[PDB]
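No hydrogens, no waters, no symmetry mates; every other heavy atom, side chains included, goes into these values. Just so we're on the same page: letters track the sequence lines, and every chain starts at 1.
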Amino acid sequence: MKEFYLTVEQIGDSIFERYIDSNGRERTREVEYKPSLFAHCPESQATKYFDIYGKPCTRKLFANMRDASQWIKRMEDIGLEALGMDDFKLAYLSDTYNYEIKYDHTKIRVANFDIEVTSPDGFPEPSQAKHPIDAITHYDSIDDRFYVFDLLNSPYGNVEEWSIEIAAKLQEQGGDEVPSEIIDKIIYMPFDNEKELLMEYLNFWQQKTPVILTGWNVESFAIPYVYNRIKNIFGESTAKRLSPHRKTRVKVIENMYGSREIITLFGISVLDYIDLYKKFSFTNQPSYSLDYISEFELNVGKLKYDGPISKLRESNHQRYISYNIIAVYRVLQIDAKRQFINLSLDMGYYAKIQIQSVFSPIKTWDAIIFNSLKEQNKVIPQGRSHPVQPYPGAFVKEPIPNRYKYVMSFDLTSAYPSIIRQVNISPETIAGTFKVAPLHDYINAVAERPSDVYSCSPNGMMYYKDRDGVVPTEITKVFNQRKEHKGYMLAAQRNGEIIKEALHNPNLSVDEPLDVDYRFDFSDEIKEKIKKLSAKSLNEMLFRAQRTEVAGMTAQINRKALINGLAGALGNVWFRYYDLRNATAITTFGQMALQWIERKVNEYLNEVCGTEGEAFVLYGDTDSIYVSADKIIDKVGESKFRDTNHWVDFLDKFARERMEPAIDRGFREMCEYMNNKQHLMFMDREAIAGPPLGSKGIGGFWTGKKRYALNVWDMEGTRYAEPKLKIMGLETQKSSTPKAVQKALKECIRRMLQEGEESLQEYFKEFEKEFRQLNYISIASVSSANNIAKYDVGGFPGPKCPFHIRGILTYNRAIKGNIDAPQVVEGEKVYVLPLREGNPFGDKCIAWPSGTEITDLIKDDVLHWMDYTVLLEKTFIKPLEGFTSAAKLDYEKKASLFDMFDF
DNA sequence: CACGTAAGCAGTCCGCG
DNA sequence: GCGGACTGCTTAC
Ligand SMILES: Nc1ccn([C@H]2C[C@H](O)[C@@H](COP(=O)(O)OP(=O)(O)OP(=O)(O)O)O2)c(=O)n1
Ligand SMILES: [Ca+2]
Ligand SMILES: [Ca+2]
Ligand SMILES: [Ca+2]
Ligand SMILES: [Ca+2]
Ligand SMILES: [Ca+2]
């Protein structure tokens, strides 16, 4: 095979690299890397090296890496640019792998692990590691085995061996329900003392050295705990065995409110699954415990246990070890679905970066652009300092708060990257400037054409038409990948609905799911076979299609995030190619495009409907428009439609065959106006929205910018079996809104949009009646708890103290001294409940760590003192009041003259 | 060692015969 | 009691 790297590190004048060789074996080597950097030379100097602006440079080959670094310092001291890749492991990889890396993931060792530590005196801090590690489960992707290290003897209790036979039994039978499909894959290793356990773990770790190290909170808990515990028992140098190169750094991550002390293990690439999840999943969760996420992603039940975790090993060691195993499997299960490890490897190798660098769009693009430019013997510019400067972004139209019966939405495909590609925006394609006119003057086609020679943005910038930028070139490659996957996701989504339709009339048969590729639209032949299938076979088909869709989702949306990150990076002061002229070229163009095409659509629709000056476009944000279709419908007459699908068909056909061509014409004119390199403003239909035909449903409503709901029947060519709510910004979408309230608000909305005012009233009445019976957790608010210390004045609230912080302080007072109670962690999330006046907590609210039951010693009083009235008014009524007033209806029957009569 | 801006809502402080 | 200026959190793009 072709060789590829696993890990790369810089250690003094040495590059340390783990790799896979041509025989597909894992290898290491230490390389005395001889780096080059560049300096501008005179034109008379004959060279093959040019900077991005075509100015010649001379190569400086250094005897080592320290020499290269000190030369940089001397160049600074002189006042002259030091060009080339200053991060040497990137140059190294670029030099070593000068070809498209093709990797084999079966050769990459991926470790998934989690440890247990019994702690009678509060949370067991990694930096002290004062308590014994009494369990470790470590899954090795190459062996496909869970290696389990079990401490039988501890200061905190001596226990019997764990039983795999009991582990595998149903919970209802006293066992642990360890999933059967991993039972044969567990290798259980009991130990009479911690030292032999750790010693064994280390030797095992040396035999099977992780390349990708993952797990849940491994970076903040398991890794530093293991390292520090080994350090305290054996010494630092024994702890350093956790690094293939015997090197580690007790690091400092600089977040906005504090700093977490992590351990960098050199020669390992740590991707904590909690971090992958937060970056790649596009959820905002009220809690990030594994229990919570596992239930969310997989629909599995909470691993329940009697008592506290600090007493679980002693009371039920059997269950303790099973849970440690299951927890490790659960990450594998989430990854099997989401495929974030595959994503990271995909992106990491594509970029030629350390795998953990996928967290940084800036590092990723720096590596991509450098590799692209190096191929052409070009020399990247030095990184420079810039002060932080605000700049303008998108345009958002002020909507008229109202109900909106029929709506059709459109937006730009990959808007900012397409603008980059259309205009030819790159650091080295800048041609000059022109004198700007007010934006509205371009929007209305009254301003002078900017240039008949160069490609332009309405921000005043001009670009070359006759040559490609490295930014456009490289952003196009990723965009094209993005497009392939989204095709795969949308087909799987369309296939899913075909399956949901066939589920209305399932056959009574015993059959099997069809072997198909869910990534391509089902053929007529497959559609026919599906109409004959049982419920069981259809339901397994539907599961597979939806997993195929999630996989496409993961792949497309994160490549979209990456290319969008390139547009944003141009406005980040740490980006080698930082430039507010380029950043602003993009956003100002976006504003023009949205408002241009608003005009064109209003003009067009007036024209076809035979009218003048009527406002069709009701709203738009950044690259989208929302078109009221009431008049399109009225023009033909609602009466003429057979059912709901008949008008959805009509509007779909109208958008595709009439509106899109006119939009296309609209944007080609703007392209000529700006004299751009290439027309790439593709504004395709998104949603067709309206009430069920013959219903009292209102179809949709807007409350303000970024706040709206639509009853959608078709989304980007997916014709739903059942209408789906598109809700943006409203409380149902906010992780701070109580779970049960999100759900209740959503049904209120569904009723408004699909059924009408009277249906809404019926539901409101019921929820209001029954809501005091809801589980306290389902009705608690959620908030991040940042800067708790600042507002802590002797255990009490300082000035300007935020409500949720106040609740943490109340919590901290009620649990004072009791070491069993879980502490609130800085920057993590809390559940929040308001308290009736005169409560024994002595304040108006309480807050505890989210995803958890509040500790048993205060639970009782919380449940008794909760302020239901305040909670209903704040989380439910006030937002519902906003929806309904916007929509011009009432959630409660208003008083009237009819009130004088008898029922 | 570091993708972007726009913009809505909850809450605190504070004025107000 | 409710505006208005302000911090803090959060979501649409
Ligand atoms: N997380 C996000 C989402 C949006 N935007 C900017 C860049 C996008 O190009 C633009 C439009 O937002 P979209 O959500 O419509 O994203 P795209 O237009 O890029 O992709 P799609 O083809 O899915 O519409 O907003 C951004 O910078 N970061
Ligand atoms: Ca645990
Ligand atoms: Ca878009
Ligand atoms: Ca059937
Ligand atoms: Ca959009
Ligand atoms: Ca689209």
Novice: Report the residues that fulfil ring pair (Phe, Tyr, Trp, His ring centres under 6.0 Å) with A:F370, sequence neighbours left out, ordered by chain and then residue number.
Specialist: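 None.
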Novice: Can you figure out if C:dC6 has a north or south sugar, judging by whether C1'-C2'-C3'-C4' is positive or negative?
Specialist: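 North pucker for C:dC6; the sign of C1'-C2'-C3'-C4' is positive.
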Novice: When you measure from the side chain of A:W574, which nucleotide among B:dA2, C:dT11, B:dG8 comes out closest?
Specialist: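 Among B:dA2, C:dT11, B:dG8, the one nearest the side chain of A:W574 is B:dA2.
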Novice: Measure OH/A:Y578 against P/B:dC3 and give the value in whole Å, please.
Specialist: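 Distance, rounded to whole Å: 14 Å.
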Novice: Under 4.0 Å between any heavy atoms, over every strand shown, what does A:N786 touch: base, sugar-phosphate, or nothing? Just pick one.
Specialist: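 The answer is sugar-phosphate, as A:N786 gets under 4.0 Å only of primed atoms, P, OP1 or OP2.
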Novice: Restricting to pairs with a member in residues 350-371 of chain A, which pass salt bridge (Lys or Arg N to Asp or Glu O under 4.0 Å), not counting sequence neighbours?
Specialist: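 Sorted pair list: A:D87-A:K363, A:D366-A:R576.
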Novice: Looking at A:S426 and A:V471, would you say the former's side chain and the latter's main chain have a donor-acceptor pair under 3.5 Å?
Specialist: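 Looks like yes, one N/O pair under 3.5 Å.
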Novice: Any donor-acceptor pair under 3.5 Å linking the side chain of A:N839 with the backbone of A:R836?
Specialist: yes
Novice: Output the single nucleotide from B:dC13, B:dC9, B:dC3 whose closest atom is nearest the side chain of A:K800.
Specialist: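 Nearest nucleotide to the side chain: B:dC13.
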Novice: Are A:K746 and A:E731 ion-paired here, with the side-chain N under 4.0 Å from a carboxylate O?
Specialist: no
Novice: Hey, can you tell me if A:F340 and A:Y277 have their rings parallel, tilted or perpendicular (30° and 60° cut-offs)?
Specialist: perpendicular
Novice: Could you check B:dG4 and say if its sugar is north or south from the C1'-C2'-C3'-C4' sign?
Specialist: north
Novice: Would you classify A:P879 as touching base, sugar-phosphate or nothing, given that sugar-phosphate means primed atoms plus P, OP1 and OP2, and contacts are heavy atoms under 4.0 Å?
Specialist: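 Answer is nothing: A:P879 stays at 4.0 Å or more from every strand.
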Novice: Identify which nucleotide among B:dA6, B:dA10, C:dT11 has an atom closest to any side-chain atom of A:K734, counting heavy atoms from C-beta outward.
Specialist: C:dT11
Novice: Please determine, for the side chain of A:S783, which listed nucleotide (C:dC9, B:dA7, B:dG8) has the closest atom?
Specialist: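 Nearest to the side chain of A:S783 among the choices is C:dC9.
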Novice: Reckon A:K844 has a side-chain N or O less than 4.0 Å from the OP1 or OP2 of B:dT12?
Specialist: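 A:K844 to B:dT12 OP1/OP2: side-chain N or O found under 4.0 Å.
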Novice: Check whether any side-chain N or O of A:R707 sits under 4.0 Å from OP1 or OP2 of B:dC9, and answer yes or no.
Specialist: yes
Novice: Which nucleotide, C:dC9, B:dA2, B:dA7, lies nearest any side-chain atom of A:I362?
Specialist: B:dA2
Novice: I want to verify a distance call: between C:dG8, B:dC13, B:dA10, whose nearest atom is closest to the A:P799 side chain?
Specialist: B:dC13
Novice: When the nearest nucleotide of DNA chain C is assigned to A:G729 and to A:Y791 on a heavy-atom basis, which residue is associated with the more 5' position?
Specialist: A:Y791
Novice: Between the side chains of A:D843 and A:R806, is the shortest nitrogen-to-carboxylate-oxygen separation below 4.0 Å, so that they form an ion pair?
Specialist: yes
Novice: Say you pick atom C1' in B:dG11 and the same atom in C:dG1; how far apart are they, in whole Å?
Specialist: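 16 Å, rounded to whole Å.
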Novice: Using heavy atoms to find the nearest nucleotide of DNA chain B for A:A569 and A:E398 separately, return the residue whose nucleotide is more 5′.
Specialist: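 Its nearest nucleotide being more 5', the pick is A:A569.
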Novice: Could you say whether A:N564 or A:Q591 is positioned toward the 5' end of DNA chain B, judged by the nucleotide with the nearest heavy atom to each?
Specialist: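 Its nearest nucleotide being more 5', the pick is A:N564.
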Novice: With respect to the side chain of A:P802, which nucleotide from C:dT11, B:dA10, C:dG8 is positioned closest?
Specialist: C:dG8
Novice: Using a cut-off of less than 4.0 Å, is there contact between a side-chain N or O of A:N284 and OP1 or OP2 of C:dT10?
Specialist: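 Looking at the OP1 and OP2 atoms of C:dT10, neither is under 4.0 Å from any side-chain N or O of A:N284.
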Novice: May I ask you to say what A:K790 touches in the nucleic acid, namely base, sugar-phosphate or nothing, with a heavy-atom cut-off under 4.0 Å?
Specialist: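 Touches sugar-phosphate only.
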Novice: Please check the phosphate of C:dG8 (OP1 and OP2 only) for any side-chain N or O of A:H804 closer than 4.0 Å.
Specialist: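 Result: no.
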Novice: Going by heavy atoms closer than 4.0 Å, what residues in residues 247-272 of chain A are next to DNA chain B?
Specialist: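 Contacts with DNA chain B under 4.0 Å: none.
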Novice: Starting the side chain at C-beta, find the nucleotide from B:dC9, B:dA7, B:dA2 nearest to A:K705.
Specialist: B:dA7
Novice: Could you go through A:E716 and A:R685, starting from their C-alpha distance and side-chain angles, then the distance that decides it, and tell me whether this counts as salt bridge (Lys or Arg N to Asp or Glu O under 4.0 Å)?
Specialist: CA-CA 6 Å; A:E716 305 168 274; A:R685 195 268 301 163; over 6 Å; no
Novice: Looking across every strand, which nucleic acid part, if any, lies under 4.0 Å from A:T587 by heavy atom: base, sugar-phosphate, or nothing?
Specialist: nothing
Novice: Return the stacking result for B:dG11 and A:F803: yes when the ring centres lie under 5.5 Å apart and the planes under 30°, no otherwise.
Specialist: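 So A:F803 does not count as stacking on the base.
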Novice: Sticking with atom P, work out how far B:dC16 lies from C:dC6, rounded to a whole angstrom.
Specialist: 16 Å
Novice: If you check the A:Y391 side chain, which of B:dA10, B:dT5, B:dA2 turns out closest?
Specialist: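 When the side chain of A:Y391 is considered, B:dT5 is the closest of B:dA10, B:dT5, B:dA2.
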Novice: Could you please name the option among B:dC3, C:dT11, B:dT12 that lies closest to any side-chain atom of A:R806?
Specialist: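 The listed nucleotide nearest to A:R806's side chain is B:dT12.
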Novice: It should be established whether A:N572 places a side-chain nitrogen or oxygen under 4.0 Å from OP1 or OP2 of nucleotide B:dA2.
Specialist: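 For B:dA2, neither OP1 nor OP2 has a side-chain N or O of A:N572 closer than 4.0 Å.
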Novice: Pick out which of A:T429, A:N424, A:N582 makes a side chain to side chain donor-acceptor pair (under 3.5 Å) with A:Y463.
Specialist: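 So the option named by the test is A:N582.
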